[PDB]
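Taking it in order: structure first as structure tokens, then the write-up.
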Amino acid sequence: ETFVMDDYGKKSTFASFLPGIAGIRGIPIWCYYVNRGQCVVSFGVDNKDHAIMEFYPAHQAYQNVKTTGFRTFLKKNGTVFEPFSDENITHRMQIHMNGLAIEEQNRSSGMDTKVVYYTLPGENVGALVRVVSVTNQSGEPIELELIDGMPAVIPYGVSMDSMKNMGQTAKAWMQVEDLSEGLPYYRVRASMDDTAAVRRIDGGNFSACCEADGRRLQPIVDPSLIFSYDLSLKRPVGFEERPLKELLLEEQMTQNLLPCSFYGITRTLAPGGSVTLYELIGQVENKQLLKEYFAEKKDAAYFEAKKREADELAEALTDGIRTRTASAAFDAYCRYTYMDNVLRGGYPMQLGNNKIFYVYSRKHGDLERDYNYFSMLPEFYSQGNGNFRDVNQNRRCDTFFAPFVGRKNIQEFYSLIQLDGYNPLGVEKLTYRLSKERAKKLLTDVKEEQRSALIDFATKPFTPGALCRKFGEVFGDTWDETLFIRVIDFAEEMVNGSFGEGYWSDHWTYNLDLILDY
Amino acid sequence: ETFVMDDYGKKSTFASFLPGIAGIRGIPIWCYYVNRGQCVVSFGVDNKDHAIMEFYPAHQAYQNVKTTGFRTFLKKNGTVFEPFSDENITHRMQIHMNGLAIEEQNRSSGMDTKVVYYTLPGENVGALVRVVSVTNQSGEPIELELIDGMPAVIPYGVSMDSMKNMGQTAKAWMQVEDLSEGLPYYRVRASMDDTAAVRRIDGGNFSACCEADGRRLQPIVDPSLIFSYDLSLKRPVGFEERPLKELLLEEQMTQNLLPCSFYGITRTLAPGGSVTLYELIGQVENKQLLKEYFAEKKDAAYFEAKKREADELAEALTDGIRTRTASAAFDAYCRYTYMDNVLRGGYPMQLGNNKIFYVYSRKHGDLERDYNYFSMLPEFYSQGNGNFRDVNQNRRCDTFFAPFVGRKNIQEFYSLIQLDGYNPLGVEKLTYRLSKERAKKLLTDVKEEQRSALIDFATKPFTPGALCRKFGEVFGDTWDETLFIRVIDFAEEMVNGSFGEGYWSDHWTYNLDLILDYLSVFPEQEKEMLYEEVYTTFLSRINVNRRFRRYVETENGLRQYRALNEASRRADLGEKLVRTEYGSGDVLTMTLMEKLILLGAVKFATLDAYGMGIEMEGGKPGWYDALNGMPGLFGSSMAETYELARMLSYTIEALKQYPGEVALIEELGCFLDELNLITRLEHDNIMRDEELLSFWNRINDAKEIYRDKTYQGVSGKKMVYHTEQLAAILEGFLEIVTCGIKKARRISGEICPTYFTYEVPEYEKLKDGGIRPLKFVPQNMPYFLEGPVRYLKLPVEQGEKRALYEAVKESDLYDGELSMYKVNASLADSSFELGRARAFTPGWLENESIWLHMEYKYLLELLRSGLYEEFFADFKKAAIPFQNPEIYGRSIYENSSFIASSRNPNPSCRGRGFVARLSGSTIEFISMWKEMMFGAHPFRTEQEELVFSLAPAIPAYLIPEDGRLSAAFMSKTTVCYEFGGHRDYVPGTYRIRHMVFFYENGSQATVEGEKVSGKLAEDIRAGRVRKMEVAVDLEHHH
Ligand SMILES: OC[C@H]1O[C@@H](O[C@@H]2[C@@H](O)[C@H](O[C@@H]3[C@@H](O)[C@H](O[C@@H]4[C@@H](O)[C@H](O[C@@H]5[C@@H](O)[C@H](O)O[C@H](CO)[C@H]5O)O[C@H](CO)[C@H]4O)O[C@H](CO)[C@H]3O)O[C@H](CO)[C@H]2O)[C@H](O)[C@@H](O)[C@@H]1O
Ligand SMILES: OC[C@H]1O[C@@H](O[C@@H]2[C@@H](O)[C@H](O[C@@H]3[C@@H](O)[C@H](O[C@@H]4[C@@H](O)[C@H](O[C@@H]5[C@@H](O)[C@H](O)O[C@H](CO)[C@H]5O)O[C@H](CO)[C@H]4O)O[C@H](CO)[C@H]3O)O[C@H](CO)[C@H]2O)[C@H](O)[C@@H](O)[C@@H]1O
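Here you go:
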């Protein structure tokens, strides 16, 4: 069920990505990786211009993975080693359905390193969980000092074109705050553009690291404390010159720089011992939500439960094509193909009692499809728009797997045919609108102050995720789902369709297949 | 003359660039470098999207210099070393005037490496020459295999945005051809864009490497043959695994890849031996030109001659400011400053017999000014366009160095002033056009086939470089320059000027400096300059809205956002001049006096309600560009008021000096009469009142009437006047301005203010839709250094200026530790809508930093006022050449935009320059040097007779032990002094004994005393004297 590659550093290069599914009640993110270094290039939330790690095409991703990617440094008795930096040392790679784990077995230094990547499922905050473990395989106790983190974090509010063109001047707006509390907040001082909503940048990027006991660690945001005069990020000269304890006591730059995030601990490892770290890198919209999320302590059990939930999510999503044949590769390929088809087209689900909804759909884009401008919705019940041909083809055999769909697809794709035989290119995401009298009749078990806001929001067109977020923000934390179900059920479907760019001559031929499949 | 830095890898980072001058007959290129790796980041020809090396900002340049920059690999008996990769190994760096050389001394491997960079001068093809030498310092013979080249070459036809966004997909169009011939050609297979001219990409990038013997080498274009699976370009795994000889025999990729260029040789070096390589990386437009260029073999003598020519080009360009003082750093800084000023403004030269041309000008841009879009012309007689303010300031002292220029600058920069007082932002490059009959008459000694093409090309507008290129392409290689000279001479000058983006409120104040600089050399031409009818008027493009319609009400209160009406937008291609008969007659001509009167009248009657500042109604701020939101808050500036007062005083003096008759257009005369009536009516009310509204309404109504009447067209009818009425009107205006300045000084405090910001609490809505204010509430602003700098120009007594200097020294504008003058006080207590300046950290960019331009302006104003001792004391400490190179973190011969002050939160960055060089302080330093070496007025006029005298003022720390100082006067005559002691020779404390003149024909002359008048002065001003000997206090003692 898993694919294992040995010595991926010396093999041919390829680019892949995580599925980025956070479930019904999660915030999805996008992450791409290559088979070089620590196998992470860029990731972020929503579309571009909101990326925690700078986005690169495939060539630049291959060229700059080992410098701007995740970095891990070790020191064993005055000598500094760097895992996943030398291809001669044996290393391995595993590709799960919804995960990625790599490891290295360095027989010279007698230490093993394992890194696990997965997306945090089913939480109000979208982030990328990262677990790092180091095991001592020598025969004597050792004194180990570890540093691990990301050397370049793009502050919130910096556009991609700005970063790639006017980067030197863009450093005037960069800052990092809240270092004493252990939750650094990366955002711009003021809006880059010369328009309204000045000093309105409230969202930011956060990073938190903790051990098994659950206590957070003091971060390092000044790259000059680790590399000193070396601006190529190739040698940790500062780490070699000075002990880790001294570095944490030194004053750090917080403004007019490109901030980083490194966490360090000091430990003495007995033979057979191990050290584990847990990290969370994500993006929020205000400090209040971030503070509320960390109102309860996070520990190892929480992270392992989240990892199991993330695996089970994909394993249950792709449970409708399970087969058994002579070769397991065939059924593994079948499951992967079904997952990809669901990811591109959209998984059908039954919403309310008479509505049909599609989730996980997105405008695809990757390190090789760099000409596209991908976009995702960072809220509950994630969905996205797409082209006509792709969505029409992907939903060809949707009735067979989900009998309750019926003839929704046929009506949807035959109502987009104009009187002259041509059809619009775009198929926008679903939305719902509620009338006046029905809205006033349904809302009879709520306070007037909440009722006014709810009836003002529900009348305008909305998406289910936005409705759920508004429900939460209005009712606090002790609401009921029956009201949401009734509002969705009594809502009215809103028509969809965008003209796009032009008229093709082959988009009309993919409907007889739907008719025959039904 | 050269700056040497040791172990530049471990020092603080900085960014610089080569001057990129290829001479008159060369193709210039642009190249930037940093103090990391091999010190080359990106270079190319023309603007961006045509770069051989990918362009990066400063941060990315620092981060990726060691990977995408030039790479050198060595192998000594199975072990691979890489020079300029480890900072522990000793290395050195030298910065020449027009070159760059680095070296490394590796005592472990016992090998030395030296790399030299320079631009190829005076050739039809622009390229970057690179010389690499390796010397064996061991005691035994070694077997050396060398590989050197560039790992990433951008094929011709790939845009920058494409490379930085869609690079993975863009590799489908990349290819490399002509590998057997040894001249690889990098270009795209077809045009990237989906438009016409398909398969028309003919230009490309080429690289050629040869040894001393002149034979070319087989290149390597596949990076996978050197790095193998290592895609990070960090380890040459392929080179380590296999010998060099085997690599050259293997098949290489030529399509669907990012090509590189590596050259390799194999040699056995005896102890003390050396190996040298020469390279050429450039860009052409067709293969035929490249083949023709390499029709003759290139060898070591050719390259060394080219290097000597490149050095001599700069050494001769900067030969007009040569001096000799106690410290060589001072004269080196003077030469560098003059070179930078020439590079930004343009070197004057005499083209043909009656034309004046400027070369080497460009739209500047560098790794730190990444927001600009630089552009250069890749042809002979290189030139470029620029902004109005920068070009106007850079050519302030151009007449002194080049007497033959005359009054070209004054006419050029006064013909760009529109009838409403504003001027276009852009000043495009010069161009020429030839008529029909003259073209057919001149071309009578050429074949018909060539004549048709020549007369078809010459009629259309053209540049001299394009004309020379067409001449060459038509005539082959055996033409004559007399035809080109005659065509240039008989060509007609074409008008220039582009509207740009918007209207500022400070571009008009940099012309009195030009007038005074011209008059300081030709004191007897004043009347002729004033009463010459040659100046034209630029045609306005956008007219400003009325004051009532300029106000928009928002939630925060009443604002001033709308400033221009789009309904009256003009076309930027129809006409660039103003004609009589409402646009259907001949070209309108006005005298200089009329222009001065119009400027004074228009800049008057624009004062704010309180009558202190001048409204910035053009939608843009003044000199301080960071506060780009001030015009939206009813902003006003006192610097414009001071400049207006100075200009009006000068105009009054000029009118009272030469009586006569002055003619003005009808509208200007009516405006002057109405303004005189308003002033005569409300002078009494102005004196005793705080807030003035009726005066503001009357003057704004008159100005609006005049502006709307004159915008749509002006008749050629002209009204005669006299001098007494104009003198009286200008005296009244000057009195009003002086009263306003006094009121502003009373209100502000101990230091003269610089800006004001009003807020109207109550307003009345009109029936037509406009908004009529009822009252204004002034608000104070933090102190700025520009205020006192402008105020020092006014003619006040010495005591007030000394008190102002003491107050400024005691105030917060004077940094304590650095002993320099900041730009402004704390802005943290002002409104948040001021602009981008409020979003910057204090002590960084234009926020409480040390701006060299304003500091040098203040020092120059101190010098001109007569505070010689204070000027010397402050210049000893605030000058760039006197700074500590370690703290400054840069060569002391180069300027910077600003220096971080003590307010910077990071202590380690306090006292370091930024934004490379080419700031506005170069012209300030040039003026300071001129007035310090020769005095304010070398030439005077009395009873229509020229008088020549010198009044130098040199501080004690510049006179050498032998007491001899030399400087270049008029860039042709050398003046040598002889001081008899070590003391400050301020004027009034010394007397000149005698002077000796050396004519160019060998005759001598000795004039006793200090005053020389007559034919000797005429010869001196005409450059007929080669050397002078001036003695102060007789001979020199111990
Ligand atoms: O055969 C292989 C595949 O070919 C594909 O066709 C490609 C075609 O789609 C591509 O078109 C280019 C446009 O995508 C490109 O779009 C531009 C935007 O990128 C730009 O905005 C970005 C902005 O998103 C970012 O934040 O900032 C950037 C810097 O400011 C900014 O550039 O806006 C532009 C203006 O709106 C917009 O045009 O524009 C290019 C130039 O016009 C287009 O060329 O072109 C490729 C090369 O020709 C094609 O290969 C097919 O679609 C695939 O099916 C094939 O598999
Ligand atoms: O106080 C410090 C200094 O501040 C400066 O003000 C800065 C201001 O000039 C800057 O304006 C930005 C524009 O320069 C920028 O221009 C855009 C172009 O870059 C773009 O074309 C490029 C193209 O050249 C390249 O080949 O491809 C690129 C990718 O496709 C493409 O982006 O075209 C745009 C549309 O025409 C054009 O706007 O645009 C930015 C966004 O509008 C502007 O912000 O902004 C800075 C930050 O606000 C200012 O600091 C002063 O000028 C200096 O005097 C000060 O020293």
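First to last, the protein sequences are chains A and B.
So the mapping is simple: the working numbering equals the position in the first sequence, first residue as 1, plus 580.
So the mapping is simple: the working numbering equals the position in the second sequence, first residue as 1, plus 15.
Every residue, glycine too, gets a C-beta built ideally from N, C-alpha and C.
- By the neighbour-count criterion, in which a residue is buried when 16 or more other Cβ atoms sit within 10 angstroms of its Cβ, A/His-1087 is buried.
- Rounded to the nearest angstrom, the gap between the Cα atoms of A/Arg-780 and A/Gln-755 is 15 Å.
- Interface annotation, B/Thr-856: in contact with chain A, CB-CB separation under 8 Å.
- Here the C-alpha atom of A/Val-660 lies approximately 52 Å from the C-alpha atom of B/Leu-800.
- In this chain, the alpha helix (DSSP H) harbouring B/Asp-405 covers 403–409.
- In the three-state reduction of the DSSP assignment, B/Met-391 falls in the coil class.
- Within 10 angstroms of the beta-carbon of A/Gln-748 lie 16 or more other beta-carbons, which makes it buried.
- Below the 7 Å Cβ cutoff, chain B contributes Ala-854 as neighbours of A/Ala-770, in chain order.
- For B/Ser-124, there is no enclosing alpha helix (DSSP H), since its DSSP letter is neither H nor E.
- Sequence-distant partners of A/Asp-758 (beyond 5 residues in either direction) whose C-beta falls short of 7 Å from its own C-beta, in its chain, are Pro-764 and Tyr-765.
- The closest CA to that of B/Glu-102, considering only B/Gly-114, B/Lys-81 and B/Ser-174, is found on B/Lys-81.
- Between the segment 895–908 of chain B and the segment 814–824 of chain B there are fewer than three inter-stretch CB-CB distances shorter than 8 Å, so the stretches are not counted as touching.
- At least one heavy atom of ligand 1 falls within 7 Å of the beta-carbon of A/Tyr-951.
- The beta carbon of B/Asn-180 sits closer than 7 Å to at least one heavy atom of ligand 1.
- Along the segment 777–811 of chain A, the beta strand (DSSP E) occurs as fully enclosed runs of 3 or more residues at 784–790, listed in sequence order.
- Under the 8 Å criterion on CB atoms, A/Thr-659 is classed as non-interfacial with respect to chain B.
- Contacts between A/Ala-752 and chain B, judged by CB atoms closer than 8 Å, involve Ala-854, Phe-855, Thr-856, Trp-859 and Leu-860 in chain order.
- At least one CB of chain A lies nearer than 8 Å to the CB of B/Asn-180.
- Per DSSP, the unbroken beta strand (DSSP E) holding B/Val-1047 starts and ends at 1040–1047.
- At least one heavy atom of ligand 1 falls within 7 Å of the beta-carbon of B/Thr-184.
- Contacts with chain A (Cβ-Cβ distance below 8 Å) from the segment 49–63 of chain B involve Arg-51, listed in chain order.
- Per DSSP, the continuous beta strand (DSSP E) segment holding B/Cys-991 begins and ends at 988–991.
- Pairing A/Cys-619 with A/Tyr-613 gives a Cβ-Cβ distance under 8 Å.
- Residue burial is scored here from C-beta neighbours: B/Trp-944 has at least 16 other C-beta atoms within 10 angstroms and is therefore classed as buried.
- Annotation for B/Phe-88: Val-95, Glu-97, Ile-162, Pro-251 and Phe-254 place their beta carbon closer than 7 Å to its own, counting only its chain and skipping 5 residues before and after.
- Proximity of chain A to B/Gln-575 at the Cβ level (cut-off 9 Å) is not reached, the minimal Cβ distance being about 16 Å.
- In the structure shown, A/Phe-1079 falls within a coil segment according to DSSP collapsed to helix, strand and coil.
- Across the segment 623–644 of chain B, CB contacts with chain A closer than 8 Å involve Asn-643, in sequence order along the chain.
- Shown in chain order are the members of the segment 631–645 of chain A whose Cβ falls below 9 Å from a Cβ of chain B: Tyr-636, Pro-637, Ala-638, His-639, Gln-640, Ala-641, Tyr-642, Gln-643, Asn-644 and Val-645.
- Taking the CA atoms as reference points, A/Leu-828 sits about 10 Å from A/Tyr-843.
- Secondary structure at A/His-671: strand, using DSSP grouped into helix, strand and coil.
- Buried is the label assigned to B/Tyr-77, since at least 16 other Cβ atoms lie within 10 Å of its Cβ.
- When Cβ-Cβ separations below 8 Å define contact, B/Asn-511 makes no contact with chain A.
- Remark: the shortest separation between the CB of B/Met-207 and any heavy atom of ligand 1 falls under 7 Å.
- Of the other Cβ atoms in all chains shown, fewer than 16 fall within 10 Å of the Cβ of B/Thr-1021; this residue is therefore exposed.
- Proximity of chain B to A/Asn-836 at the Cβ level (cut-off 7 Å) is accounted for by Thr-856 and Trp-859, in chain order.
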